[PDB]
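As structure tokens, one chain now follows by itself in the form solved without the RNA.
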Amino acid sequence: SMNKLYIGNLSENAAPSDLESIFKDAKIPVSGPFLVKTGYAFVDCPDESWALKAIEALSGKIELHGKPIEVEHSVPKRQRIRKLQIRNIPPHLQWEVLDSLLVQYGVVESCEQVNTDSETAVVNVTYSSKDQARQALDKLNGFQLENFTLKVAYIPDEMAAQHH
């Protein structure tokens, strides 16, 4: 389940109470405690919708101790394989325009729309191979389209962990 968050760019002094109050102010529930390590932390949300809301509302938008926090899906490196999430897509963008970008990097096995309360769209894309998704991530994250900057990140690909 995509309810697990990684929180990055934290100060050395950051404490759970600091993150608790950020999530409370954003009206986002968590389903367990904040685990604060050295410059980063982990927390779970009750479901995938809340995890996405936390990313969209908090990442790069809230500062703690003078540093803007980063909030992302927590994905172990060995689960960064075929699957990506693309956020901040222009609301009216024709799906052929998006497809014309995606296929420059590989074969799209699937592209699923995700529910979100933002005006911008979110899709989960599965490429055929790890090399294709890695190139798409590098080329599409930060790409500017119709006055919107696309944000692209890995999501877990648990079933391909041993695929060749």
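Note that residue numbering begins at 1 and tracks the sequence as displayed.
Not on display, but discussed next: the form deposited with the RNA bound.
A.B. asks: Looking at 65, 37, 27, 139, which has any heavy atom no more than 4.5 Å from the RNA in the bound PDB entry?
C.D. replies: It is 37.
A.B. asks: Check whether residue 91 has any heavy atom within 4.5 Å of a heavy atom of the RNA in the bound PDB entry, and answer yes or no.
C.D. replies: No, no contact at 4.5 Å.
A.B. asks: May I ask you to state whether residue 105 is within 4.5 Å of the RNA in the bound PDB entry, using heavy atom distances?
C.D. replies: Result no; residue 105 lies far from the RNA in the bound PDB entry.
A.B. asks: Although the partner isn't part of this model, could you tell me whether residue 42 comes within 4.5 Å of the RNA in the bound PDB entry, counting any heavy atom of the residue?
C.D. replies: Within the cut-off, so yes.
A.B. asks: Along 81 to 109, which positions have a non-hydrogen atom within 4.5 Å of the RNA in the bound PDB entry?
C.D. replies: Read in sequence order, no residue approaches the RNA (within 4.5 Å, in the bound PDB entry).
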